[PDB]
Amino acid sequence: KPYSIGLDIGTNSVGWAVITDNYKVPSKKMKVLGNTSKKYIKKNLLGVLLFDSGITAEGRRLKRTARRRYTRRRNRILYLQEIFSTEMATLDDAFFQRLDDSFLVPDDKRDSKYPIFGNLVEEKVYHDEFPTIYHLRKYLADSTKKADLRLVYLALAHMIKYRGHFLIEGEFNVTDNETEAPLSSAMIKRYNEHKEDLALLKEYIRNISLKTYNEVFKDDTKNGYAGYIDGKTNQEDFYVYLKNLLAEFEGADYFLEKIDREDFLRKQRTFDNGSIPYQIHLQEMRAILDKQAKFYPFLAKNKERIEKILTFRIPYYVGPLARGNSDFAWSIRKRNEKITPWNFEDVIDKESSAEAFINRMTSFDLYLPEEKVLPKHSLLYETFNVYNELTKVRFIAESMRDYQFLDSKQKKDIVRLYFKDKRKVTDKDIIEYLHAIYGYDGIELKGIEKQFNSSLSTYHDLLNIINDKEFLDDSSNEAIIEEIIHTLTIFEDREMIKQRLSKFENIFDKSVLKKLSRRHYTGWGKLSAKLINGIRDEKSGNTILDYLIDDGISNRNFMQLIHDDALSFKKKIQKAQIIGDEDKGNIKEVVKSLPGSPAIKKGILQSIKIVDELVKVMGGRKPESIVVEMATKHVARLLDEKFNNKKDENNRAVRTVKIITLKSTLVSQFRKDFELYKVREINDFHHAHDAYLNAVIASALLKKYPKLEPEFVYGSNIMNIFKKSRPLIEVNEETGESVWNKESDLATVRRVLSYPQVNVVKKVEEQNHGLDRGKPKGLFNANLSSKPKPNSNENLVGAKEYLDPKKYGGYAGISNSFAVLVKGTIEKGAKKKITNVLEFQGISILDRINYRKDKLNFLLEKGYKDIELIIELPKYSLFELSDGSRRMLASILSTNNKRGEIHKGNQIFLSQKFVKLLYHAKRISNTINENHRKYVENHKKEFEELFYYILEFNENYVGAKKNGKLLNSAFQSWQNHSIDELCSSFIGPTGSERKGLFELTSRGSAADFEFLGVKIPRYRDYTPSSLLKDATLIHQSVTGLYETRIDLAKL
RNA sequence: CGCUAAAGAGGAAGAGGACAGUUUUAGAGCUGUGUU
RNA sequence: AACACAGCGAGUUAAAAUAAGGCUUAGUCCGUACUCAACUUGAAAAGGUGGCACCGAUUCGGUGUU
DNA sequence: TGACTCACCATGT
DNA sequence: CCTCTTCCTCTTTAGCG
DNA sequence: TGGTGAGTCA
Ligand SMILES: [Mg+2]
C-alpha cells in the first residue's frame, strides 16, 4: 500500500503523520527491545517530536567579546606595569603584588592588608588627602610637585583601565576655567555636594524622628542611604524612598527639588559616566605625564607608549590577533613577533587583513561559482544594468502598427546623451529622443514606467570628484576606474583608501585624490566580471555585454543570452557549475547553511531525520508524497535533493515524490468549517492532528483539481471541493479519478482526530546551557553570590579555584548536563555495608569533560566501590512508572543525587465534547463571535465533568494532592461565579498563552495558575527515587515508533 | 520554482569599544551597659 | 576575650575577578552557537538491526496468519 | 536521617 | 548603549528561464 | 523555570 508523509515543521515542534489510503493513519505493531516482557507495542502512525528551541549565537558573541575585552584590559594594565616595573621595584617591591592580592582575606594575603602603601598610617593619609581617585587625578594633573610613583601609577592605571568612549573623532579639550582636568573637577564637585547634602538630610531626618534616622542610614536592607551605599539599591529606588518619606515632613523643599533634578547625593561612578570621551582622560594623562616627567626621567621616554596603551583600538577589520587555532580570526600577519600595541603596525598587514575581512564574507557568483562578485557600484555592473533595462525598452509607434525595441545605435545615443548627462533618467526624456531621431510623435514606452531603476550613479560621482569627463570617457582608463571602485568598496578606513589610491595618482590631482578618498561605496553585486565580459561565444567572439549593447537581430535580456541554445554561454556556465560540485556530503552540512536562524534549522534537520526513519518504518517504500507546511520552504529544496536526486539521464532530473507546500490558510479554513477545533493548551497532539489534516487536504486537492497542482507542487478556493454546500460522493471532474467522499472520509478525519495514541517524543539532549526562567545560562550564575552564612550549608563554585568559596563567596546555580544511573555497591549506614544500589548521580556541565575522560573514576570518587553498569540519561529521558505515569527526568541535581527536577510526560486526552467547550472558553472575550458566549452560557454543565476529569487524571497519572484539594475546594463556587473567570480559570485568559487548569496536567515543568481566585502553587516535588522503584526507562526514537524499554528492576 | 535591478520591511553571522552590576579586601568605627 | 542591647559618628572610592577553565595550540588565542534514541559493524567517513492484515479506542488493546 | 513541604532568586544599558 | 562589515528573507514594481 | 536552602515528620 502507498503512503504520503505529512509534516509540521516549527520552532519547538515537528509533527509527522503517515496516510496510507482513504485519509487513514495505519496502525503498526512495533517491536520493543530491552529487558522487558512487552514484545510488541502497537503504535498509531500519528506522531509528534518536541525539541527545545534553537538558540541564536548573539549571547555567545556578546560574552565572547566581553571575555576578550577583559583579557585585553588586563593586558593593558600589565603593559603599564612592565613600563613602571624597573623604577617601581626600588620604591616598593610588592606594590603590584599587594594590588594582585587585594581580593584575598587578610590571612591569605602575601604581605599586607593595605594595598596601596602597605602600612596603616600612610594608607589613612592617602585616603584623607585624596578621598577618591578623582581628587588624586586632579592633584597629579595640576600640581607641579614630585609624587610618590605609586600614586602616579594608580591614576594612570585608573585611566587605562577605565578609558572613555572613542566615538568622537578629533581632538577634544566646563564651569572650571584653570584646571587641566575637567572630569576630575566635576566629580570633586559632586563629592562635595553629596557630602554637604548628606549632612543636611541627616539633620532633617534625625530631627523629625530618630527612628527614621536609624532606618534610613543604619539599616542596609532598606532603600535609604544605607541601601544606597552598603546595599543593592540604585539611584532611582533611593530617590523614590526618600521622596515618599520626605513628602509628609514639613518644609523639605530643598532636598525634593534636588531629587527632582536628579542631582541629590549622586555617586561619582554612575551609569551616566558613559558619555565621557576618552580625550578628557587623555587630556588629564598628558598633563600628569608632562608635569611628573621632569622629576621622573623614565616617564619622559615612555610618555608616548603610555598614551599608546590607552588610545590603541584593535581595528575592526583586523579581528582577533591569533596565530591560528582560532575559528574567527582573519588577520594576516607580516612578521612573527608578538603583537604589542606599539608594534601592531609592523607585525600586522592592515591592507591584507582588511581585504581578507571583506573577501572572506563576500559571495561567489552563483552562475560561475569560481570568482568573487563585482563591487555593487562598479561602472561595469551599472553599465551591465543600464543596458539590460534599456534593451527591452519598447516604443509604441504612432503610425506603424508594430511595437518595437530600441535600435542599437539608438541605445548608444540615449545612454551617451542622457544617462551620462543626468543621474535619473525618465520616460519623458526617451520619448523626446525618439521624437527627435524618428519623426513619429505620440510614442509611448513599454518596459519602462517613469524613472529608470538603473543609473550610472558611480559615473556621475566619479566625474564630479575626478573633475574630468575625458578620463571616464576613455576605455583605456576603464581598468583604472574599476580598480578605484574596488579600492573604495573593499577598504573603509580613509587612510588605507588613500594609500591604495596613491597608485593611480599620476592621472589625477592630489585635491581630487583626497576627495576620492572620502567616497566609500558599500555592497557587492550578484554577478562577476568574468561572466559579464570575460566569458565569450565562439561563433561571434562577443561578450554578454557586447550582445546587450549591440545584438543586431533583437534586444535580449541577460538570462536569454545565458540560456539560448545557439550561444555557448549556457555550456560555459554549466561547465563551470559542475566543476563546482559541492553537494556538501551529509545532510547535516547542507541543513546547517540554509537561510534562517538556527531555531528553524533544528526543525529542518529533525524533519529530515523523521522522514528517513518513517521511510524505514514503512518497509523502505519511498513516500508517494511529502507535504511540508511550516504551520519551511528550504525543506522542499532539501527534500527534493535527497528523494528526487536520481535522474534517468543527465539531460534532466526525473521527479518521483512530490514535495508539496500547502498554504497555512487551508488548515484553518478546514478546521473552522468542519469544527475540528484545536486547543494548544490541552495536549501536544495538535501538531500531529495538524500534520494529518494537511496531508488529507493536500491529497484531496491534488486528487480533485489537477490544474492547480503545478503551483502547489514544488518546481473560490480549492477548499470548495471539501465543501459539499452537492452529491454524497465527490469524483474528479473531466476524468474518472479518486476524490474525497463528503461524509465517509470526514468520518475517518474526525476519528483520526480522536485517537488517544500520539507518539509524542521530547528529544533527549545533553544540555550545554543552563536555563533560568527560560533565558539560557552557562555553567552557573553569572553574578557572584555573597559570602555564605556562618553556619549555612552551601554548594558554591568558587570565583577561581584557589579562592575558597566559603571565605570569598562563590557562584551558585550549578547546571546539570545529564544524569547517569549507577548500579553498584555503596558504603551505607556508616558501616560500609555492601548493597545492590541502583541510584542516579548527576553530572554538571562543569565536569562533563572530566566524566567523559574516565566514567568509572568519576563515579568511584563519589562512592560506588564497584560499578557494574552506567546508563547515561540525557535531559528529558522518559520513565514509565508501573501505574502508567510517565516522568521525564529533566536533571538530577549535581550537589544532591536524591533531589532532581522531574517533569510529567503524561499527555491528557480530552474528548471532542470537552475540546469544543475549551476552545470556546478561551475565545470568550473575543468581540467577533457571539456563538462563543452562547455556547459557554448554554453548556455550563460541561465544566463540572471537565473539572472532575482533570482531577481524576491528576489523581492517577499525575501526583498532585494538595493542589487537587485546593482545586476541589475552589470548584464549589462553580454554580455562582463570573463566566469570564470560570473560562479563564479552566483554559486561560484570551491570548495570554498561559493555560489555566491544564497547567496541572500539561507535560513538562509545572507552573503557577489561578483557579477561581485561588492561587495554586506549582507541584515540583516529584522525587527522583520514585523513578527507580518499579519503572522502565523508554529509549524512544526520533519518531517515537521504535523504543527500547530497559526495566530498572531486573537491571 | 529559480534570476537580475529599484523602492520598502525584517532578520542572521562576525569584529571593535564604552558604562554599569556582583563578590572579597583596604579606606570608621567609638562609648556605656547586659552577658559567660 | 567574644556575643549582644542602647547611644553617637563615617558612608561617594580603589584593587582583583567577571563564566569554572583548557592547550604544545601558549595565542593580546579558545571556553554558553550547531550535532547527539538504544544495540551493533565502526580508528574515523559512513553504515547495519525491528513481518502483514482486520475489529475497536480513557494513551493502545484484541484477533487472523507467517 | 531521608521523603514531604515552602520560600528566595537569577546580568543590562 | 555606540561604530563597522557581509549574507539572508518577505510583499510589491521592470525585465525573464 | 531550575537550584537548592531550610524546616518538620515517620
Ligand atoms: Mg578570562
# chains A, B, ... in the order shown; residues from 1 in each chain; ligands from 1
call {"tool": "interface_residues", "arguments": {"of": "chain A", "to": "chain D", "cutoff": "8 Å", "atoms": "only C-alpha atoms (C1' of nucleotides)", "output": "list in words"}}
result
residues 772, 781, 782 and 783 of chain A
call {"tool": "closest_atom_pairs", "arguments": {"of": "chain C", "to": "chain A", "cutoff": "7 Å", "atoms": "only C-alpha atoms (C1' of nucleotides)", "output": "tab-separated table"}}
result
residue	atom	partner	partner_atom	distance
C:11	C1'	A:229	CA	6.7
C:12	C1'	A:267	CA	5.3
C:13	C1'	A:132	CA	4.6
C:15	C1'	A:99	CA	5.3
C:16	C1'	A:103	CA	5.3
C:19	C1'	A:782	CA	6.1
C:20	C1'	A:846	CA	6.6
C:25	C1'	A:325	CA	6.3
C:27	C1'	A:322	CA	5.4
C:28	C1'	A:72	CA	5.8
C:29	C1'	A:322	CA	5.6
C:30	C1'	A:326	CA	6.8
C:32	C1'	A:778	CA	4.8
C:33	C1'	A:57	CA	4.6
C:36	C1'	A:765	CA	6.9
C:37	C1'	A:1037	CA	4.3
C:38	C1'	A:1035	CA	6.0
C:50	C1'	A:31	CA	5.5
C:59	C1'	A:757	CA	4.9
C:60	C1'	A:757	CA	6.3
call {"tool": "write_last_selection", "arguments": {"atoms": "C-alpha atoms (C1' of nucleotides)", "output": "PDB file, in the first residue's frame"}}
result
ATOM      1  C1'   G C  11      29.399  56.403  54.284  1.00  0.00           C
ATOM      2  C1'   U C  12      30.626  58.562  47.464  1.00  0.00           C
ATOM      3  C1'   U C  13      36.431  55.403  46.234  1.00  0.00           C
ATOM      4  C1'   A C  15      42.435  46.805  43.808  1.00  0.00           C
ATOM      5  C1'   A C  16      41.241  41.726  41.837  1.00  0.00           C
ATOM      6  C1'   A C  19      31.515  32.232  33.111  1.00  0.00           C
ATOM      7  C1'   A C  20      34.891  27.213  36.372  1.00  0.00           C
ATOM      8  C1'   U C  25      47.667  25.040  20.126  1.00  0.00           C
ATOM      9  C1'   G C  27      47.819  32.932  21.105  1.00  0.00           C
ATOM     10  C1'   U C  28      46.872  40.315  23.391  1.00  0.00           C
ATOM     11  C1'   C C  29      44.046  32.657  21.376  1.00  0.00           C
ATOM     12  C1'   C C  30      39.874  29.180  22.697  1.00  0.00           C
ATOM     13  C1'   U C  32      27.139  29.372  26.837  1.00  0.00           C
ATOM     14  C1'   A C  33      26.190  28.687  18.740  1.00  0.00           C
ATOM     15  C1'   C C  36      23.811  13.939  19.942  1.00  0.00           C
ATOM     16  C1'   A C  37      17.142   7.389  20.960  1.00  0.00           C
ATOM     17  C1'   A C  38      19.116   2.142  22.060  1.00  0.00           C
ATOM     18  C1'   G C  50      12.723  -4.415  14.375  1.00  0.00           C
ATOM     19  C1'   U C  59      -2.746   6.545  25.731  1.00  0.00           C
ATOM     20  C1'   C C  60      -3.049   1.477  22.589  1.00  0.00           C
TER      21        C C  60
END
call {"tool": "closest_atom_pairs", "arguments": {"of": "chain A", "to": "chain B", "cutoff": "6 Å", "atoms": "only C-alpha atoms (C1' of nucleotides)", "output": "Markdown table"}}
result
| residue | atom | partner | partner_atom | distance |
| --- | --- | --- | --- | --- |
| A:102 | CA | B:25 | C1' | 5.4 |
| A:103 | CA | B:24 | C1' | 5.0 |
| A:105 | CA | B:25 | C1' | 5.9 |
| A:114 | CA | B:26 | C1' | 5.2 |
| A:165 | CA | B:18 | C1' | 4.9 |
| A:271 | CA | B:20 | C1' | 5.2 |
| A:274 | CA | B:19 | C1' | 4.5 |
| A:316 | CA | B:16 | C1' | 4.6 |
| A:319 | CA | B:15 | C1' | 5.5 |
| A:453 | CA | B:6 | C1' | 5.0 |
| A:715 | CA | B:1 | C1' | 4.3 |
| A:783 | CA | B:22 | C1' | 5.0 |
| A:784 | CA | B:23 | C1' | 5.2 |
| A:808 | CA | B:24 | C1' | 5.3 |
call {"tool": "closest_atom_pairs", "arguments": {"of": "chain C", "to": "ligand 1", "cutoff": "10 Å", "atoms": "only C-alpha atoms (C1' of nucleotides) and all ligand atoms", "output": "CSV"}}
result
residue,atom,partner,partner_atom_place_in_ligand_line,distance
C:17,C1',ligand 1,1 (Mg),8.7
C:18,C1',ligand 1,1 (Mg),7.9
C:19,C1',ligand 1,1 (Mg),8.2
C:21,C1',ligand 1,1 (Mg),8.6
C:31,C1',ligand 1,1 (Mg),8.8
call {"tool": "write_last_selection", "arguments": {"atoms": "N, CA and C atoms (P, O5', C5', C4', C3', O3' and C1' of nucleotides)", "output": "PDB file, in the first residue's frame"}}
result
ATOM      1  P     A C  17      42.429  40.728  37.300  1.00  0.00           P
ATOM      2  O5'   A C  17      41.142  39.800  37.425  1.00  0.00           O
ATOM      3  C5'   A C  17      41.255  38.468  37.902  1.00  0.00           C
ATOM      4  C4'   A C  17      39.904  37.868  38.192  1.00  0.00           C
ATOM      5  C3'   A C  17      38.870  37.994  37.088  1.00  0.00           C
ATOM      6  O3'   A C  17      39.041  37.034  36.061  1.00  0.00           O
ATOM      7  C1'   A C  17      37.888  38.561  39.160  1.00  0.00           C
ATOM      8  P     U C  18      38.755  37.434  34.533  1.00  0.00           P
ATOM      9  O5'   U C  18      37.167  37.529  34.455  1.00  0.00           O
ATOM     10  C5'   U C  18      36.356  36.402  34.746  1.00  0.00           C
ATOM     11  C4'   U C  18      34.930  36.799  35.033  1.00  0.00           C
ATOM     12  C3'   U C  18      34.179  37.480  33.901  1.00  0.00           C
ATOM     13  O3'   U C  18      33.667  36.563  32.954  1.00  0.00           O
ATOM     14  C1'   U C  18      33.830  38.672  35.907  1.00  0.00           C
ATOM     15  P     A C  19      34.290  36.479  31.478  1.00  0.00           P
ATOM     16  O5'   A C  19      33.920  35.006  30.996  1.00  0.00           O
ATOM     17  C5'   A C  19      34.392  33.870  31.703  1.00  0.00           C
ATOM     18  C4'   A C  19      33.459  33.497  32.827  1.00  0.00           C
ATOM     19  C3'   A C  19      33.836  32.266  33.632  1.00  0.00           C
ATOM     20  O3'   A C  19      34.791  32.565  34.634  1.00  0.00           O
ATOM     21  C1'   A C  19      31.515  32.232  33.111  1.00  0.00           C
ATOM     22  P     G C  21      39.421  28.382  37.463  1.00  0.00           P
ATOM     23  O5'   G C  21      39.494  26.848  37.060  1.00  0.00           O
ATOM     24  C5'   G C  21      40.461  26.384  36.137  1.00  0.00           C
ATOM     25  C4'   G C  21      39.807  25.745  34.942  1.00  0.00           C
ATOM     26  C3'   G C  21      40.743  25.387  33.803  1.00  0.00           C
ATOM     27  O3'   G C  21      41.377  24.140  34.012  1.00  0.00           O
ATOM     28  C1'   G C  21      38.876  26.554  32.948  1.00  0.00           C
ATOM     29  P     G C  31      35.341  30.241  21.597  1.00  0.00           P
ATOM     30  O5'   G C  31      35.238  29.552  23.030  1.00  0.00           O
ATOM     31  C5'   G C  31      34.987  28.161  23.151  1.00  0.00           C
ATOM     32  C4'   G C  31      34.838  27.741  24.591  1.00  0.00           C
ATOM     33  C3'   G C  31      33.792  28.480  25.405  1.00  0.00           C
ATOM     34  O3'   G C  31      32.473  28.033  25.147  1.00  0.00           O
ATOM     35  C1'   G C  31      35.776  28.288  26.665  1.00  0.00           C
TER      36        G C  31
END
call {"tool": "closest_atom_pairs", "arguments": {"of": "chain A", "to": "chain E", "cutoff": "8 Å", "atoms": "only C-alpha atoms (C1' of nucleotides)", "output": "Markdown table"}}
result
| residue | atom | partner | partner_atom | distance |
| --- | --- | --- | --- | --- |
| A:167 | CA | E:2 | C1' | 7.0 |
| A:316 | CA | E:4 | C1' | 6.9 |
| A:358 | CA | E:5 | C1' | 6.9 |
| A:361 | CA | E:6 | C1' | 5.3 |
| A:362 | CA | E:6 | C1' | 6.1 |
| A:363 | CA | E:7 | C1' | 7.7 |
| A:389 | CA | E:15 | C1' | 6.7 |
| A:392 | CA | E:15 | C1' | 7.1 |
| A:447 | CA | E:14 | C1' | 6.1 |
| A:448 | CA | E:14 | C1' | 6.5 |
| A:449 | CA | E:14 | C1' | 7.6 |
| A:453 | CA | E:14 | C1' | 7.8 |
| A:557 | CA | E:15 | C1' | 7.3 |
| A:559 | CA | E:16 | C1' | 6.7 |
| A:560 | CA | E:17 | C1' | 7.4 |
| A:563 | CA | E:17 | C1' | 7.2 |
| A:595 | CA | E:8 | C1' | 5.8 |
| A:596 | CA | E:8 | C1' | 7.2 |
call {"tool": "closest_residue", "arguments": {"among": "A:901, A:955, A:402, A:981", "to": "chain F", "atoms": "only C-alpha atoms (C1' of nucleotides)"}}
result
A:901
call {"tool": "select_by_dssp", "arguments": {"residues": "range 738-782 of chain A", "states": "strand (DSSP E)", "output": "list in words"}}
result
residues 759, 760, 761, 762, 770, 771, 772, 775, 776 and 777 of chain A
call {"tool": "interface_residues", "arguments": {"of": "chain A", "to": "chain F", "cutoff": "9 Å", "atoms": "only C-alpha atoms (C1' of nucleotides)", "output": "PyMOL selection string"}}
result
chain A and resi 770-775+792-795+812-815+893+895+901+1005-1007
call {"tool": "select_by_dssp", "arguments": {"residues": "range 504-597 of chain A", "states": "alpha helix (DSSP H)", "output": "PyMOL selection string"}}
result
chain A and resi 510-518+529+544-549+558-563+569-579+587-593
call {"tool": "atom_distance", "arguments": {"atom1": "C1' of residue 8 in chain C", "atom2": "CA of residue 207 in chain A"}}
result
14.6 Å
call {"tool": "decode", "arguments": {"residues": "range 2-24 of chain C", "atoms": "C-alpha atoms (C1' of nucleotides)", "output": "PDB file, in the first residue's frame"}}
result
ATOM      1  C1'   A C   2      33.790  37.237  72.445  1.00  0.00           C
ATOM      2  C1'   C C   3      28.465  37.708  71.542  1.00  0.00           C
ATOM      3  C1'   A C   4      24.619  41.130  72.157  1.00  0.00           C
ATOM      4  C1'   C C   5      21.336  45.710  73.895  1.00  0.00           C
ATOM      5  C1'   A C   6      21.229  51.104  73.646  1.00  0.00           C
ATOM      6  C1'   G C   7      23.638  55.987  72.362  1.00  0.00           C
ATOM      7  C1'   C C   8      26.937  58.667  68.949  1.00  0.00           C
ATOM      8  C1'   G C   9      29.914  59.102  64.233  1.00  0.00           C
ATOM      9  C1'   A C  10      31.746  57.564  58.949  1.00  0.00           C
ATOM     10  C1'   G C  11      29.399  56.403  54.284  1.00  0.00           C
ATOM     11  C1'   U C  12      30.626  58.562  47.464  1.00  0.00           C
ATOM     12  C1'   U C  13      36.431  55.403  46.234  1.00  0.00           C
ATOM     13  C1'   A C  14      40.416  51.810  44.948  1.00  0.00           C
ATOM     14  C1'   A C  15      42.435  46.805  43.808  1.00  0.00           C
ATOM     15  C1'   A C  16      41.241  41.726  41.837  1.00  0.00           C
ATOM     16  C1'   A C  17      37.888  38.561  39.160  1.00  0.00           C
ATOM     17  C1'   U C  18      33.830  38.672  35.907  1.00  0.00           C
ATOM     18  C1'   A C  19      31.515  32.232  33.111  1.00  0.00           C
ATOM     19  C1'   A C  20      34.891  27.213  36.372  1.00  0.00           C
ATOM     20  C1'   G C  21      38.876  26.554  32.948  1.00  0.00           C
ATOM     21  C1'   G C  22      41.879  24.035  28.575  1.00  0.00           C
ATOM     22  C1'   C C  23      46.398  23.560  25.212  1.00  0.00           C
ATOM     23  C1'   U C  24      52.459  22.405  22.755  1.00  0.00           C
TER      24        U C  24
END
